[PDB]
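Quick notes on the structure that follows.
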Amino acid sequence: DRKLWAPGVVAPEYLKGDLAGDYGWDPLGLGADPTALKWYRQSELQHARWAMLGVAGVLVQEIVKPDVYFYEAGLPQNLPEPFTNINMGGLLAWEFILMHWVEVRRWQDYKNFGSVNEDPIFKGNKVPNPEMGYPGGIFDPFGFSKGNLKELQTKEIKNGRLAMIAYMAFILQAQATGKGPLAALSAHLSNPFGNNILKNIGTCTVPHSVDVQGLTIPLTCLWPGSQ
Amino acid sequence: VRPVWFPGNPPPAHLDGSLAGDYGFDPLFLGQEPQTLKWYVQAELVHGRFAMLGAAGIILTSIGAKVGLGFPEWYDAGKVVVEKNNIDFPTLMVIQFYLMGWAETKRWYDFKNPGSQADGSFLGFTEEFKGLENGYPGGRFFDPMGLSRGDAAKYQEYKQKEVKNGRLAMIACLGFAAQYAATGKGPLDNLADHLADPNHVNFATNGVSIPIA
Amino acid sequence: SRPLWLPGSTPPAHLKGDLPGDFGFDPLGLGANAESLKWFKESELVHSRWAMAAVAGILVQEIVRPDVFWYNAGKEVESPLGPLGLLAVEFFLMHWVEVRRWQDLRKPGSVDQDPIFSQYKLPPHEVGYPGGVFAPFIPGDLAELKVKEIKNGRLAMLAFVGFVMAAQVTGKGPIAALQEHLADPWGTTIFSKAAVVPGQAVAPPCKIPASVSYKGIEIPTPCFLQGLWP
Ligand code: CLA
Ligand code: CLA
Ligand code: CLA
Ligand SMILES: CC(/C=C/C=C(C)/C=C/[C@@]12O[C@]1(C)C[C@@H](O)CC2(C)C)=C\C=C\C=C(C)\C=C\C=C(C)\C=C\[C@@]12O[C@]1(C)C[C@@H](O)CC2(C)C
Ligand SMILES: CC(/C=C/C=C(C)/C=C/[C@@]12O[C@]1(C)C[C@@H](O)CC2(C)C)=C\C=C\C=C(C)\C=C\C=C(C)\C=C\[C@@]12O[C@]1(C)C[C@@H](O)CC2(C)C
């Protein structure tokens, strides 16, 4: 909790550096009751890790194949060669089942910490739990744990906050300009005084809807302006 | 210390945290007297149960009329029912009045004298009509699964859920009426019109709801 | 302790694990009452056994007589014993046996005596598990067998519901729809037939007609809760 988010401020009573990356920010007072703090820390970790994966996927996909727009990459006509124009319903079903399982298991880890640590089919191998939100074991196979756990946790969560900001930046840059992240960087380095957030806010390249195999997904933007 | 409809404002003295759905909402002090408050408790519960049934029925028939099945809307279903089937509306209405009069007179004279209706007078049925609380009869007939029995905390939770979904359904039925009065089409017609263009298709863009413009 | 439906959950207080199949699933608290729990237990037992026999019958039917459709197998039998004599014999015999089971439910030790022949009677047993002439050749322990019975029965209940809804949305039998799923896994699931989005609802049509004739009348044969379908 040292070196807070601002010089002239004080840390809240419920943030004393007990958790990783605590600068004592909480201006909306949401982590006042500890159970809500547990839930919000778990959701932080989830948003953080999924956003790290998100920016990693966008950046890697943009470098290894720039001809695919990540904003439209979810469409089946833009899926890779074995999955092109696949039935999105069965794909959604695969995802739904396979993620309902693991996320209900994670939720039960939240509700009863140390109860779903065991493999429910092969009844010999468990995953330990230093804390909640950090299983380890098969999820930490390279063995980077049993070291500076709090330090790695701070690194994880800080890169994760940064990745959250950066992925929403990717989304907004894709909605405003219609290009990918590094595409946007190269376009800003092509014209750093006429091609920026100026004269791009107010334009949404996102259409009002799409047709993915018969449906009509509403396809909104994060702000109005130019459909 | 307890959730109140208008926070900061303390609840009135007659609205303690004993009744289901008690949020201190009595700005007119209508249920100040305990007997009147019991009458109004039973009134809220009957209204909310009838409105839950009504909202579910409207929602279901509108679902069936939206997907293209042969369903009339709630504002046309009575004519369709009495005309498709050869039903005499006065006959049906007085049949309903007879049956509901029996039921509601039983319920009435169990409000006025709670121990009654269980003397075996009706047909020998004693404990099916004894009545658990005011507005909560219970028994083998009105509670065949016995959910008021067994766990008490679950029963209080179900009371809260019942009265809350009942107030929500009452508001929903009032909304059905107002939306038929305004837009002239079915409830899920309005819902689909909203889901299509949430902006520009709402109560502000009727012409009747906001008469200024 | 005992295996629960949610491994980390604490079970409801009325569900202590004494019953065969008490995996701690009563989230609504329907078996909180001690008296109604017995009726619901017997109901689970008979629903289980009926659904098990029913699923076995539909499976065997689609194996050995695939030309007939089990949803349609009421109007495609044409027995010489009449459509009403069938209903009569089954109504009377089932009324008999079910009132006997109901009197076992009401008064537990009452109906064990064979009425016609006075020398046979069932032993004093539990409610729901008669035994005796019903149960020769028990292959093992009784509690484990009751657990197996109730588990296969719950699976068969879900299996008959799946049978009904897959006969409705596909018009094919269980094994036929399974062969359809194996012929195209990603394209024949309920996710691949239906989708509701805020602006569009795609409900699959049911291949069951609205009504079948069956000898001069119009039997109404509706799909279960179409409209509420996804
Ligand atoms: C949804 C993502 C998410 C969630 C759930 C949390 C949750 C938490 N954070 Mg983290 N944080 C995040 C993202 C997130 N954070 C990001 C992106 C940053 C970088 C700006 C930070 C920086 C940060 C610091 C520096 C600290 C925390 C702390 C905390 C904890 C206390 C604060 C609290 O109770 O708020 C709970 C939060 C929520 C319930 C989510 C509210 C979301 C609102 C509704 C919308 C967000 C506003 C707006 C849309 C954001 C703009 C996006 C931008 C990219 C354009 C809590 C566990 C403190 C801590 O460690 O204490 C343990 C602390 O010191 N956070
Ligand atoms: C159960 C709640 C509920 C829900 C989910 C909806 C949903 C909808 N309504 Mg309906 N409506 C409701 C209640 C509801 N309404 C009630 C109670 C009324 C009468 C006032 C109306 C009157 C109404 C009209 C006249 C129209 C809609 C329309 C719509 C659609 C667009 C929303 C809109 O225009 O804003 C309407 C939103 C509201 C009226 C507010 C919601 C209800 C509030 C929260 C209840 C307030 C009760 C309060 C707690 C107690 C009051 C006591 C106090 C005065 C002391 C949408 C499908 C429009 C439509 O058809 O779109 C095409 C339209 O033209 N509604
Ligand atoms: C839920 C139970 C159930 C029900 C309602 C049906 C209903 C039907 N079956 Mg299916 N079936 C079932 C179970 C069931 N079956 C099981 C468990 C099997 C595996 C043995 C089969 C195997 C089967 C085949 C192979 C065929 C049918 C056919 C039929 C149809 C005509 C039946 C007929 O002609 O019998 C006529 C009546 C008899 C043969 C007399 C019954 C036999 C004796 C008297 C035993 C009865 C008592 C016994 C102790 C069982 C009591 C326990 C009970 C709870 C299971 C009809 C739609 C036929 C069809 O599709 O129609 C063309 C067909 O070909 N069924
Ligand atoms: C999870 C996440 C993103 C995940 C992204 C993924 C999986 C991306 C996947 C894809 O892109 C690829 C890979 C390739 C594409 O082809 C396909 C898709 C699928 C599109 C973003 C979260 C993004 C989350 C964000 C931006 C959250 C920001 C939260 C903040 C700022 C919270 C602030 C506060 O709450 C506190 C902390 C304290 C309070 O007191 C005060 C306030 C201010 C309220
Ligand atoms: C809105 C409503 C009551 C609202 C009351 C309010 C706000 C009270 C507020 C206050 O008093 C308190 C609390 C405290 C006081 O100090 C202050 C005030 C402010 C005074 C009741 C609705 C009550 C609504 C009810 C009972 C609705 C029942 C609906 C049914 C039965 C519908 C049936 C059908 O629609 C179908 C199903 C199919 C069709 O085809 C046939 C028909 C018949 C049309």
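Residue numbers (the entry's author numbering), protein chains in the order written: chain 5, 31 to 257; chain 7, 29 to 241; chain 6, 28 to 257.
Note that the Cβ used here is the ideal one computed from N, Cα and C, for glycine as well.
Query	Result
Could you tell me if the beta carbon of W77 (chain 6) falls within a distance shorter than 7 angstroms of some heavy atom in ligand 7?	Here the bound small molecules are ligand 1, ligand 2, ligand 3, ligand 4 and ligand 5; ligand 7 is not part of this structure.
Whose Cβ in chain 6 lies nearer than 7 angstroms to the Cβ of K141 (chain 5)?	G35
Hey, out of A206 (chain 7), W130 (chain 7), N218 (chain 7), whose CA is closest to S237 (chain 7)'s CA?	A206 (chain 7)
Under a three-way DSSP split, which group does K148 (chain 6) fall into?	strand
Consult DSSP for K180 (chain 5) and reduce its assignment to one of helix, strand or coil.	helix
What is the DSSP secondary structure of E69 (chain 6), counted as helix, strand or coil?	helix
Determine whether the Cβ of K182 (chain 7) lies closer than 8 angstroms to any Cβ atom of chain 6.	yes
What do you reckon, are the CB atoms on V39 (chain 5) and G210 (chain 5) nearer than 8 angstroms?	no
Give me the residue from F231 (chain 7), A93 (chain 7), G36 (chain 7), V74 (chain 7) with the minimum Cα distance to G52 (chain 7).	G36 (chain 7)
Give the secondary structure of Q60 (chain 7) by DSSP, where H, G and I count as helix, E and B as strand, and everything else as coil.	coil
For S144 (chain 7), which of helix, strand or coil comes out of DSSP?	coil
Kindly indicate which three-state DSSP category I247 (chain 5) falls into: helix, strand or coil?	strand
Less than 7 angstroms separating the Cβ of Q76 (chain 5) from some heavy atom of ligand 2?	no
Listed in chain order, which residues of the stretch 201–228 of chain 6 have Cβ atoms closer than 9 angstroms to some Cβ of chain 5?	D211, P212, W213, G214, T215, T216, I217, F218, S219, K220, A221, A222, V224, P225, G226, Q227
Please name the residue, chosen from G178 (chain 7), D179 (chain 7), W136 (chain 7), that lies closest to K158 (chain 7) on a Cα-to-Cα basis.	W136 (chain 7)
Alpha carbons only, please: which of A220 (chain 7), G163 (chain 7), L43 (chain 7), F78 (chain 7) is nearest the one belonging to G194 (chain 7)?	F78 (chain 7)
Compare the beta carbon distance of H42 (chain 7) and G59 (chain 7) with 8 angstroms and say whether it is the shorter of the two.	yes
Going by the DSSP bridge assignment, what does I246 (chain 6) pair with across the sheet?	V239 (chain 6)
Interface residues of chain 6 around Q138 (chain 5) at Cβ under 9 angstroms?	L33, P34, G35, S36
Could you work out which residue in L81 (chain 7), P39 (chain 7), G235 (chain 7), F99 (chain 7) is closest to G254 (chain 6) when comparing CA atoms only?	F99 (chain 7)
Which of the residues in the stretch 103–130 of chain 5, read from start to end, lie with their CB under 7 angstroms from any CB of chain 6?	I116, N117, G119, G120, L121, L122, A123
Please confirm if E62 (chain 6) has its CB atom under 8 angstroms from at least one CB of chain 7.	yes
Given a limit of 9 angstroms on CB to CB distance, which residues of the stretch 34–58 of chain 6 reach chain 7?	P39, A40, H41, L55, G56, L57, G58
Rounded to the nearest angstrom, what separates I195 (chain 5) and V85 (chain 5) at their Cα positions?	10 angstroms
Which whole runs of the alpha helix (DSSP H) in the stretch 49–107 of chain 6 are 4 residues long or more, in chain order?	61–91
So the candidates are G243 (chain 6), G214 (chain 6), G35 (chain 6), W256 (chain 6); which of them puts its Cα closest to the Cα of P231 (chain 6)?	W256 (chain 6)
Please report how far the alpha carbon of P201 (chain 6) lies from the alpha carbon of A213 (chain 5), in whole angstroms.	52 angstroms
Have a look at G155 (chain 6), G101 (chain 6), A228 (chain 6), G35 (chain 6) and flag the residue whose alpha-carbon is nearest the alpha-carbon of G51 (chain 6).	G35 (chain 6)
Report the residues of the stretch 214–225 of chain 7 with a CB closer than 9 angstroms to any CB of chain 6, ordered along the chain.	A220, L223, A224
So which residues touch the region around ligand 2, with touch meaning a C-beta under 7 angstroms from any heavy atom?	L196 (chain 7), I199 (chain 7), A200 (chain 7), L202 (chain 7), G203 (chain 7), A206 (chain 7), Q207 (chain 7), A210 (chain 7), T211 (chain 7), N218 (chain 7), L219 (chain 7), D221 (chain 7), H222 (chain 7), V229 (chain 7), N230 (chain 7), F231 (chain 7), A232 (chain 7), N234 (chain 7), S237 (chain 7)
Got a sec: does ligand 4 put a non-hydrogen atom nearer than 7 angstroms to the Cβ of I195 (chain 5)?	yes
Can you confirm whether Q253 (chain 6), when its beta carbon is compared against all beta carbons of chain 7, has any partner nearer than 8 angstroms?	yes
Alpha carbon to alpha carbon, how far is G212 (chain 7) from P226 (chain 7)? Give it in angstroms, no decimals.	18 angstroms
What residues in the stretch 170–202 of chain 7 have a beta carbon less than 8 angstroms from any beta carbon of chain 6?	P172, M173, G174, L175, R177, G178, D179, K182
Cβ of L108 (chain 6) versus every heavy atom of ligand 5: is any distance shorter than 7 angstroms?	no
Can you give me the start and stop residues for the alpha helix (DSSP H) that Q140 (chain 6) sits inside?	Note, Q140 (chain 6): premise wrong, no alpha helix (DSSP H); not H, not E.
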